[PDB]
Amino acid sequence: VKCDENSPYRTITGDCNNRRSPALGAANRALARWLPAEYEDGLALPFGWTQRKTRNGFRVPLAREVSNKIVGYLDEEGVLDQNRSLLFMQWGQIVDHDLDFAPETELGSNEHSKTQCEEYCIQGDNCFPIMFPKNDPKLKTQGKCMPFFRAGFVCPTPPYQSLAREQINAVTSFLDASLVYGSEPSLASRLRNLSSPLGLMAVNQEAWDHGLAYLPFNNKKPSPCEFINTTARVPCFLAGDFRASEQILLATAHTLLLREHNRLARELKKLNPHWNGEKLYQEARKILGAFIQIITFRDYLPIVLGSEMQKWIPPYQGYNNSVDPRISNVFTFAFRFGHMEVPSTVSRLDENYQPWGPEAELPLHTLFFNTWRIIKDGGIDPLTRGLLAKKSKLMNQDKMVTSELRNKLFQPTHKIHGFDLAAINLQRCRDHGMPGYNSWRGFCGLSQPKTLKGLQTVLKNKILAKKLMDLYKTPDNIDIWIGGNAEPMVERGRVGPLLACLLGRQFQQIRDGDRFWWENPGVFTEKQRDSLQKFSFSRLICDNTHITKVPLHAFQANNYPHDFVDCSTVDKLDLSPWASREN
Ligand SMILES: *[C@@H]1O[C@H](CO)[C@@H](O[C@@H]2O[C@H](CO)[C@@H](O[C@@H]3O[C@H](CO)[C@@H](O[C@H]4O[C@H](CO)[C@@H](O)[C@H](O)[C@@H]4O)[C@H](O)[C@@H]3O)[C@H](O)[C@H]2NC(C)=O)[C@H](O)[C@H]1NC(C)=O
Ligand code: HEM
Ligand SMILES: *[C@@H]1O[C@H](CO)[C@@H](O[C@@H]2O[C@H](CO)[C@@H](O[C@H]3O[C@H](CO)[C@@H](O)[C@H](O)[C@@H]3O)[C@H](O)[C@H]2NC(C)=O)[C@H](O)[C@H]1NC(C)=O
Ligand SMILES: *[C@@H]1O[C@H](CO)[C@@H](O[C@@H]2O[C@H](CO)[C@@H](O)[C@H](O)[C@H]2NC(C)=O)[C@H](O)[C@H]1NC(C)=O
Ligand SMILES: *[C@@H]1O[C@H](CO)[C@@H](O[C@@H]2O[C@H](CO)[C@@H](O)[C@H](O)[C@H]2NC(C)=O)[C@H](O)[C@H]1NC(C)=O
Ligand SMILES: [Ca+2]
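Residues 1B, 1A, 1 to 156, 156A to 156B, 157 to 302, 304 to 413, 413A, 414 to 547, 549 to 580 in PDB author numbering are what the sequence shown lists, from first letter to last.
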């Protein structure tokens, strides 16, 4: 609404980052388009919508079928990443939720369409069902489809007619910890503790974790968290991002970062007793945002992109106001490579890092929107230790997405643990008008295979290639998500050539087009920056939990106790440079 022009703090909505073009990178604006949208009717209808209309002369294969033939597997053995901890997967979902969010279309609350899609699977308006192919076990037990609703679009929401359909991004594009503080002014206020001039975030008043805080409970019912265990009746958490409680390990990480804020706020009040509530809030919020960018750019990306890091994200050279900081519509699918790094089980470890109880290891599908396991079954220390001592799932061309997500995904709106995140992603690329695989290979200056043989050389897998061509008939029709994720991985990274390019650009753009990047001269002081350079996730753990043994590099596979050192050996964030002298 109004730019404070000389304020040292970002705005909640993301606006005013860029001075010439203020709304650039703000929340609730359209996702940027690196390539023109590709729709069946060229304006808004997705491919596969009208059964009869081909795409490049062929019918596009059912989402769920690509899922059955290509994406699934049975044997969970040998599937773990020998050199990436569970935190690797987990930090990616956080960076993701900070950068993008395409909410489904609403116009539903006392609607018979939410039921007309569920119940009868009739395609129409925003109901874009995922039909089950013949010979699918879910036909026998669930029905004929999986409800799916088209994502929201800008200008409107009601029917509409004008330009090409452009999806919304309900979050700020800048990597600014928006998932902790919120992207809307009204949500950001609700989240704060405006009862005490201490600038703290609100916490739970109904439950505590060893004197430590828990995220507040969401006031609104019906709550999906209460549904998964009608007896424990524990609601979902209230955070800066709506998906916070999507799965137990994500809500855990959310709790660690809320704790970090309040922790910084009370450490600041001590140094600068004179500062007011707004000042405390903003200054702590500014440090946390710097934390996300450091962990992400220093420790996280280098091991995702690998040898391709320098090629796409060169050394920083200053803020460049000509760079488009917005998240592209394709990034929101490229970053979903993370779905293939999610393992089937989640563990809880005790203080010696040994199983925690009878039921220490649990199926991933039992943890969706599961808040009672945290509150009523041990706190978050057992879960955090799991994130360090356990490994992520390694993407494997023969074993892409675990059945826990592939067949038992729980959707907050519906009542069953029977959705398919793989089919949903594929159905979502189409919903978003994504160009085919070769269109992106070309955008990244990569060869564009046209024959079966060609696809074998790119994928370096004869069988996978063969299945892809039987379903798609032409590499030009292959959906980006499954296309980019089937490529072999680059040296020392976790995604192939296409995915590296798409990720690389985005991250280099949101870092170079951010007026408030931490390394941006004038945003912090040389001394403040000297301090921040020491932030580490290991330390975040030491200061916000009761764990005392942690690894120096929490993202790699670490074995206990050999790789775990005592919290004393881990560098601290010296907040002294934030002391402000009067006269
Ligand atoms: C801030 O970010 C900006 C946005 O990306 C950057 O702007 C780029 O600025 C360059 C020029 O510095 C733009 O063009 C480049 O310059 C050459 C033309 O003068 C191009 O080379 C050749 O062009 C044709 C080939 O296409 C040849 O036939 C010809 O002989 C000439 O040699 C370069 O290849 C290059 O395009 C460029 O378009 C801008 N980037 C874009 C796409 O927006 C800028 O670098 C940044 N500013 C600073 C100072 O940091
Ligand atoms: C459950 C889910 C996860 C783990 C238990 C999980 C994990 C990740 C990781 C680890 C990612 C990156 C490293 C990542 C990226 C993005 N996802 Fe996924 N995710 C779970 C569940 C979902 C669901 C449900 C969606 C919505 C799918 C849809 O199309 O409707 C989802 C999405 C995305 C997403 C896009 C965001 C947007 O713009 O709205 C990523 C960038 N995830 N996830
Ligand atoms: C729904 O959530 C319930 C908790 O909110 C959960 O019940 C809990 O179940 C465990 C074991 O199943 C019990 O734990 C232990 O309790 C005593 C020790 O206090 C032991 O003697 C028992 O052997 C048991 O191991 C909890 O006491 C119990 N909580 C209560 C009060 O009911 C259910 O298991 C959850 N059900 C579903 C469907 O998820
Ligand atoms: C496990 O992963 C880590 C990180 O990917 C590897 O260690 C890094 O190796 C590079 C060499 O290119 C060093 O420059 C870094 O210093 C290492 N990271 C740190 C902080 O030590 C490690 O080699 C991997 N183990 C195996 C067997 O590949
Ligand atoms: C807002 O912050 C104040 C801290 O000043 C919280 O009040 C304290 O709450 C703790 C834990 O319930 C008690 O030990 C103290 O007695 C309270 N101190 C004072 C001076 O009030 C308050 O709970 C916070 N509110 C929310 C919603 O988080
Ligand atoms: Ca953000």
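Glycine included, C-beta positions come from ideal geometry on N, C-alpha and C.
Non-local beta-carbon contacts of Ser389 in its own chain, meaning distances under 6 Å to residues more than five positions away in sequence, involve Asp79, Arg82, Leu84, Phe86, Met87 and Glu338 in chain order. Taking C-beta atoms as the reference points, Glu63 and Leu467 count as a pair closer than 8 Å.
Note on geometry: alpha-carbon atoms of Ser443 and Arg53 lie some 21 Å from one another. Partner residues in the beta bridge of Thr342, as assigned by DSSP, are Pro360.
Looking at the DSSP output, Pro547 sits in a beta bridge with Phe561.
Proximity of the beta carbon of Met87 to ligand 2 is indicated: a heavy atom of the ligand is located closer than 7 Å.
Between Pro127 and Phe151, the CB-CB gap reaches or exceeds 8 Å. Of the heavy atoms belonging to ligand 6, at least one sits nearer than 7 Å to the Cβ of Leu97. Distances between the C-beta of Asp172 and the heavy atoms of ligand 6 include at least one below 7 Å. For the alpha helix (DSSP H) assignment, the uninterrupted runs of no fewer than 4 residues enclosed by the segment 256-300 are, from N- to C-terminal side, 273-290. Applying a distance threshold of 5 Å between residue Cβ atoms and the heavy atoms of ligand 4 selects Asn81, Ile299, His550 and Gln553, given in chain order.
Taking the C-beta atoms as reference points, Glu102 is found no nearer than 8 Å to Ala166. When the Cα atoms are used, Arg511 and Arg255 turn out to be separated by approximately 27 Å.
Closest by C-alpha distance to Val454, out of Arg535, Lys136, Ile164 and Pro484, is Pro484. Using a Cβ-Cβ distance cut-off of 8 Å, the segment 28-41 and the segment 191-211 are not in contact, since fewer than three pairs of beta carbons, one from each stretch, lie closer than that value. With 16 or more other Cβ atoms inside 10 Å of its own Cβ, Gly500 counts as buried. For the options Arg229, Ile244 and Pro212, the alpha carbon positioned closest to that of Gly236 is the one of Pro212. Inclusion of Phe330 and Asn421 in the CB contact set at 8 Å is warranted, their separation being smaller than that value. Apart from the 5 residues on each side of it in sequence, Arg424 has no Cβ closer than 6 Å to any other Cβ in its chain. Inter-residue distance for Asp526 and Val343 is about 37 Å (C-alpha atoms, whole angstroms).
The chain-ordered list of residues whose CB is nearer than 6 Å to some heavy atom of ligand 3 reads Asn225, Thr227, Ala228, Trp369 and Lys373. Judged by DSSP secondary structure, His413A falls within the beta strand (DSSP E) whose first and last residues are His413A to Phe415. Judged by beta-carbon spacing, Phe293 lies beyond the 8 Å limit of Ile506, meaning their Cβ atoms are not closer than that value. Comparing C-alpha distances from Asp123 to each of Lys308, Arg50 and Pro44 shows the shortest one belongs to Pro44.
As the crow flies, the alpha-carbon of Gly46 is around 23 Å from that of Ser325.
Counted as a single uninterrupted DSSP element, the alpha helix (DSSP H) harbouring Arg62 occupies residues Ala61 to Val64.
DSSP lists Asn165 as the beta-bridge partner residues of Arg27. With 16 or more other Cβ atoms inside 10 Å of its own Cβ, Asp96 counts as buried. Beta-bridge analysis with DSSP links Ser325 to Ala30. Taking 8 Å as the cut-off, the Cβ atoms of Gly335 and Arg488 do not count as close.
Ranked by how close their Cα comes to the Cα of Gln49, the residues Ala228, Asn200, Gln121 and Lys530 have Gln121 in first place. Of all alpha-carbon atoms in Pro547, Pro558 and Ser19, the one lying nearest the alpha-carbon of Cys564 is that of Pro547. Those residues that bring their Cβ nearer than 6 Å to a heavy atom of ligand 1 are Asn317, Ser319 and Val320. Of the residues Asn200, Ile290 and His362, the one whose Cα lies closest to the Cα of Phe531 is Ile290.
If you look at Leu78, you'll find it in the beta strand (DSSP E) that goes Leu78 to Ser83. Residue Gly492 holds the alpha-carbon nearest to the alpha-carbon of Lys456 among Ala61, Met430 and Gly492.
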